[PDB]
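First comes one chain, alone, set out as structure tokens in the form deposited in one PDB entry.
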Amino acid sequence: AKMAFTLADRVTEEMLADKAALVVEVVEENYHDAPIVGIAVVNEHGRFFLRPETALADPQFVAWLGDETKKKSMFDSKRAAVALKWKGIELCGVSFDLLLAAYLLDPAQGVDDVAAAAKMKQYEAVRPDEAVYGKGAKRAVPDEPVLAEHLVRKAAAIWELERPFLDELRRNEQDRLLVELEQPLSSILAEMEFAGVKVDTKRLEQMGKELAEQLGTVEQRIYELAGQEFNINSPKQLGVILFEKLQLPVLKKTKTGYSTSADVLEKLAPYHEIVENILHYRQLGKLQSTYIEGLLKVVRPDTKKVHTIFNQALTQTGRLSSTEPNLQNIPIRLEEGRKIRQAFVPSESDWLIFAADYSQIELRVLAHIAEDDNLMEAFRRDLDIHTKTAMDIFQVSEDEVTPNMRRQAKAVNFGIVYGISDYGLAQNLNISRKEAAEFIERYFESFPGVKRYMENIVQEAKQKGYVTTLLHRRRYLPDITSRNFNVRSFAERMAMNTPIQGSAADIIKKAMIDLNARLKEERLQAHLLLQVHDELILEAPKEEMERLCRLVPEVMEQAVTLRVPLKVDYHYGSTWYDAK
């Protein structure tokens, strides 16, 4: 049962073949400046295990790692690449990443280790990482004999599985998606994460002080209005104060009691002065806990930078996700929270932050896919799409569109991209199911192509078992055939939404690749820092702004060619906040 391999004490030529499955193991979940615990190499000559302090000090091995002509097959190459970057070592030649391959074949599998990807092809001669390392804090690196065999078995699985995975990707028409989009993007994300974003800690601390002061005042006021103290952060204790001691009406409940969601308190506001204070308390509380205290906990004490990790193989639609910290959900809606962005500054003196965002990319993608004449014309005229929708569904001229009409039309546009149900829209606009249904019907009468698309995509999902995006990303929807209305409807909404949200993801990902190629050709110092679904944030010398003002929008606008143009807005400033 045991797998044979050479536990080498030194690097040999045999280990430097031009094709190999490579494992550069980083156990710590956050791989930034993290230890490399072992290395495994499997190639035509055999299976090998190398101690990191040995291999990484070896000139020949380091050169092999950085030789683009020496191809390597790996699992989560970004993790290895970044861990190596922190050690001043360059990893090149990665031609196949099993994590990304598994992710494209089926995002729903949740593949997060070699064992999980291998099980997809009935290969089980490798143990799950959790089984070897354990979970929680009790997660430690085992003794060399156990560690070495595990790394070798993972390398062996990768070595064996590359062909079958590539073959299936090819069958799915996803070969270029892996090789020309996701794998090249992985390297770009690695550079972004490694570069990090500089944070003005002093600014954050000051804000923390001011918030703590405002919180104390709002908190005290709340007890003053309740006639007693209690844990406002406790939905249980709060519910007792609102619906029992204060007798506020119950407009909706929760599984474990009464509902105190923002959707509820907003309606209870007129009944008691305490509600507005609770909502405000929650706003400030979120800024203090997650964006002030939380951000400060992950800022590197020396460089004062934060190094997020973009999970490239998690979302069911093809989007990236961000953690430790999540730099894709920094406040911007409310001024008080938007101020947080003043804390994100350029990493060098005399540099500025440049941000470019796609304008209505999802609705433009919908116009393209549905080939709706009315919607395509609206974007060809670059009209305010919400005002346009209002004009159509409410049957009025532009001058007759009131602010309330535009607000409701905007809610309709948000919901249409995922076939929002009448109940879903009714809740968002706080109206009846019938009224919401009338809005939707009015929308379909004005945009018949979109109605046709929603009908056709659901049927396609049922016929094929999955839906696809512009660049051939796919998502299986087995629930589309369920006899349970709720479960089936949810699958139907996913069928309508995935091609839209997914294609928008495809487009910005390609723009990122195209952009880096352009920056390199022009030898600009500018570089990417973050991506937030519809936007790209970079930093660069103040002397490069004029060139970026022309280059970035163009690359993003020309990433793909649709039936409607793509529009990109951009801003730059001394801080992320100022890049508006």
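We call the rigid core whatever largest set of C-alpha positions still superposes within 1.5 Å between the two forms. Note that residue numbering follows the sequence shown and begins at 1.
- The stretch that moves more in 7 other deposited structures of this protein, judged by CA deviation after a rigid core superposition and choosing between 281-289 and 191-199, is 281-289.
- After a core fit, the C-alpha atoms in 7 other deposited structures of this protein lie farther on average from the shown form in one of 213-221 and 152-160, namely 213-221.
- Higher mean CA temperature factor, per the PDB entry, when comparing 97-105 with 157-165: 157-165.
- Taking only CA atoms, the mean B-factor in the PDB entry is higher for 270-278 than for the other of 270-278 and 197-205.
- Per the deposited record, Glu244 carries the highest C-alpha B-factor of all listed residues (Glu492, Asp302, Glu244, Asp373).
- The PDB entry gives the largest Cα B-factor of the residues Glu398, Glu324, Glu362, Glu348 to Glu398.
- The entry lists a Cα temperature factor for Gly66 that places it in the middle third of the chain's modelled residues.
- Looking at the C-alpha B-factors along this chain, the one for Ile385 belongs to the middle third.
- In the deposited entry, the Cα temperature factor of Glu149 places it in the middle third of its chain's modelled residues.
- Annotation for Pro184: C-alpha temperature factor in the lowest third relative to the rest of the modelled chain, per the entry.
- Remark: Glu435 belongs to the highest third of its chain, ranked by C-alpha B-factor as recorded.
Beyond what is shown, the protein has a form deposited with a small molecule bound; the following relates to that form.
- With the partner omitted from this view, the residue of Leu177, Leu242, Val197, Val467 that lies near the small molecule in the bound PDB entry is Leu177 [heavy atom within 4.5 Å].
- For the candidate set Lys305, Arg282, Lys339, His472, a heavy atom within 4.5 Å of the small molecule in the bound PDB entry is found for exactly one residue, namely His472.
- Within this chain, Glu173 lines the site of the small molecule in the bound PDB entry, having a heavy atom no more than 4.5 Å away.
- Checking 268-276, 88-96, 341-349, 165-173 against the small molecule in the bound PDB entry, the stretch whose residues place heavy atoms within 4.5 Å of it is 165-173.
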